[PDB]
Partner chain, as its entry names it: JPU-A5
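Single chain ahead, written as structure tokens, the form deposited without the partner chain.
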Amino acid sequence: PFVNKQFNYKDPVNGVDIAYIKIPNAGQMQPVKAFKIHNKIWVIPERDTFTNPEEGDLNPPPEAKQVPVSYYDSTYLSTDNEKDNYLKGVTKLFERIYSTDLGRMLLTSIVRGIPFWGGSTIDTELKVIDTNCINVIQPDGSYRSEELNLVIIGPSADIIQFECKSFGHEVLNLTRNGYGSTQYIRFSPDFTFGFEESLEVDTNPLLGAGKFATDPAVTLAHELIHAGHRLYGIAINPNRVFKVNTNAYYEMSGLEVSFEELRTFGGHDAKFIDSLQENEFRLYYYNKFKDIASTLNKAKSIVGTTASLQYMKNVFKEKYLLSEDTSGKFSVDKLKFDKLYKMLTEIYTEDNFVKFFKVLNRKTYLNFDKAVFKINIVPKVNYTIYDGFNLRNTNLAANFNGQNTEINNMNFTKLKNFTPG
């Protein structure tokens, strides 16, 4: 959410909000300087060569296997000045998101979505799952395990491959069982995508569609929406995908889109999901919350020297919005679950964010992207928390000129056009 201080990459560690940390990975990782921009949320201004074991180097894949919608550059995020710019770019986008009521609500839901403490083989024992924490070097030197819900990290080899990923436990699908898990978002504020849009205002089209760029804040929000689903364990299985096409004869016609993506994008598209299908998951996740409520009712002990069992029971009461009687027994409110579920899945959508931001965006998640641009969101004369690229009191503030790559060409440097396909 809102970032109290204006972090500088050079600022010395203080253990408090600036520290050296290590991610729970099966690889020999060295500590990296990280920043806690808000309770439960950290930013690691580094290329991500830590999360995925088979992605420890920024080496691009064979030219052939290289998808048209991709881009490589090993120099990106290699210098302190770049890391500083990255840090400030991410912070600024969080403020832009938080500056809206919708963004404020999502960030609050994210902060309260602490992954559930279901890491024990003993059902009556609450225990934290190790992959939902980071190891932080304390001021004195030693490492200490700390919980967090979200980490924003730079991309790995493919600079424009943004995503929301996390570590799995064992036989538990943490992102789909109501438990949730710490989310790692590969993202960059230094690049954005191009898309065509026809703002025609007459009968017939003449000048044609203009070339516009996606507002980075929309992209981050999209990613935070995925994080919101995942932290609450209500993400839709990725094997649930929809088929779309104009003359789709039969048996896989036209690229496919997952239910998760569609739901996240929202808009008229999201309506491509029957109320039955939408009600089946609602029920499915309603039962998972009930199992969580039942686990907390039978809990008798807790592991760790951090929090007390009552504290964590309260923490999860606030997260799942559980009902509590006089004896202190928890239960899931059928109606309250409907509210929280609708919020996380129908209110927090890319479409609604586009509306609150008042910017131009692709009309469909399916709407292909033309090319990729280099941008600089840090300078106030290029982009602001409230207007984005469409600076008020300027010509950029008209007809989404600020996002027009031709008009505001000085704020967009093209790198590569997706020609192959």
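Numbering follows the first chain given and starts at 1. We call the rigid core the largest set of C-alpha positions that still match within 1.5 Å between the two forms.
This next part talks about the form deposited with the partner chain bound, which is not shown.
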task = Answer with one of 351, 261, 84, 190: the residue that has a non-hydrogen atom within 4.5 Å of the partner chain in the deposited complex.
result = 261
key: in the deposited complex, the one of 332, 273, 302, 160 near the partner chain [non-hydrogen atom within 4.5 angstroms]   = 160
key: Full three-residue contact with the partner chain in the deposited complex, heavy atom 4.5 Å, for 62, 66 and 257   = yes
query = If we take heavy atoms and a 4.5 Å cut-off, which stretch out of 294-302, 240-248, 84-92, 277-285 is in contact with the partner chain in the deposited complex?
reply = 240-248
Contact flag, residue 78 vs the partner chain in the deposited complex, heavy atom cut 4.5 Å = no
query = Are any of the heavy atoms in residue 209 no more than 4.5 Å from a heavy atom of the partner chain in the deposited complex?
reply = no
task = Answer with yes or no whether residue 252 is in contact with the partner chain in the deposited complex, where contact means some heavy atom within 4.5 Å.
result = yes
task = Flag residue 387 as yes or no: does it have a non-hydrogen atom within 4.5 angstroms of any non-hydrogen atom of the partner chain in the deposited complex?
result = no
query = Which residues in 356-379 have a heavy atom within 4.5 Å of the partner chain in the deposited complex?
reply = 365, 369
Single mover in 199, 343, 283, 315, with Cα shift of 2 Å or more between the shown form and the other one when the core is superposed = 199
ask   = Core-aligned, is the CA shift for residue 381 between the shown form and the other one 2 angstroms or more?
value = no
query = Does residue 210 show a Cα shift reaching 2 Å between the shown form and the other one after rigid-core superposition?
reply = yes
task = Superpose the two forms on their rigid core, then report whether the C-alpha of residue 27 is displaced by 2 angstroms or more between the shown form and the other one.
result = yes
query = Are residue 381 and residue 199 closer or farther apart at their Cα atoms in the deposited complex than shown, with the shift being 3 Å or more?
reply = farther
key: Closer or farther: C-alpha pair residue 210/residue 375 in the deposited complex, relative to this form, given a change of 3 Å or more   = closer
